[PDB]
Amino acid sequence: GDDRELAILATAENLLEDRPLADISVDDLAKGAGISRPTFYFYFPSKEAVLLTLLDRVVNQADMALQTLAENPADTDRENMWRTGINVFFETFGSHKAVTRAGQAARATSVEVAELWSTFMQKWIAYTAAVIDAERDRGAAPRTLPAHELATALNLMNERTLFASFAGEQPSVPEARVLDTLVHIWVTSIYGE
C-alpha cells in the first residue's frame, strides 16, 4: 500500500543522487519501485509530485527535530545553543543532499514547492526572532536591529551558504567549515553592539 509509496519515494531519492529530475522518467521510478507505470500513477500524479513529497518529508523532519530541541534545552553557553540549532539543519538537509538540491531547483518551476519552502522559512524565522527577543528580554543580547529582520537575513544566509556547500558550488565554504562559519556570524551579530 504505502509500502509501494515508500518504495517509489526511496527509488526517487536514490536516482536523484545520480541525475536531475528532468533525466528521471516515471518509467524509471516505476521500474525501481517494482510496479507498472499505471500503478505508479495511482500513488502520484507526476514525478514532480514525488519530489514535492520527498521535500515535504525532509523539511518536516528538520522542523520536528527543531521542535524537540526547543522543548529540551541543551545545557550550555549561548554559542553552543545556536550551534545545536543550526546543526539540526546541517545534519537533516546534509543527510538528504540530492532531495535538498532538487527541491531548491524546483522552487523556480513549482508553486507548491515554493509555497512549501516559504511556509517553513517563515516558521523558522519567526522562531529565530522569538529566541533573539527572549535573549534581549533576559539582558543577554543588546537591542540592535529589529529581531525579525536580523532573523530573516541570518536564515537566508544559512539557506544559501549551507546549500552552496552541499552542492560544492564555486564559490562555497567547505562543508567541514560551514557550521563553525555560520555559528560565528550568528553569535557576533546577535550578541554584538
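C-alpha atoms forming the largest set that superposes within 1.5 Å between two forms make up the rigid core. Residue numbers run from 1 along the displayed sequence.
- Here the rigid core sets the fit, and in 9 other deposited structures of this protein the C-alphas of 67-75 stray farther than those of the other stretch, out of 67-75 and 87-95.
- Remark: stretch with higher mean C-alpha B factor among 28-36 and 56-64 is 28-36.
- If you average the C-alpha B-factors over 72-80 and over 95-103, the higher value belongs to 72-80.
- The PDB entry assigns the greatest CA B-factor among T128, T161, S46, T144 to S46.
- In the deposited coordinates, the residue among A22, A176, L9, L182 with the greatest CA B-factor is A22.
- The PDB entry assigns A151 a C-alpha temperature factor belonging to the lowest third of its chain's modelled residues.
- Among the modelled residues of its chain, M157 has a C-alpha B-factor that falls in the lowest third according to the deposited record.
- For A108, the recorded CA B-factor ranks within the highest third of the chain. Only modelled residues enter the ranking.
- The deposited CA B-factor of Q170 belongs to the middle third of values across its chain.
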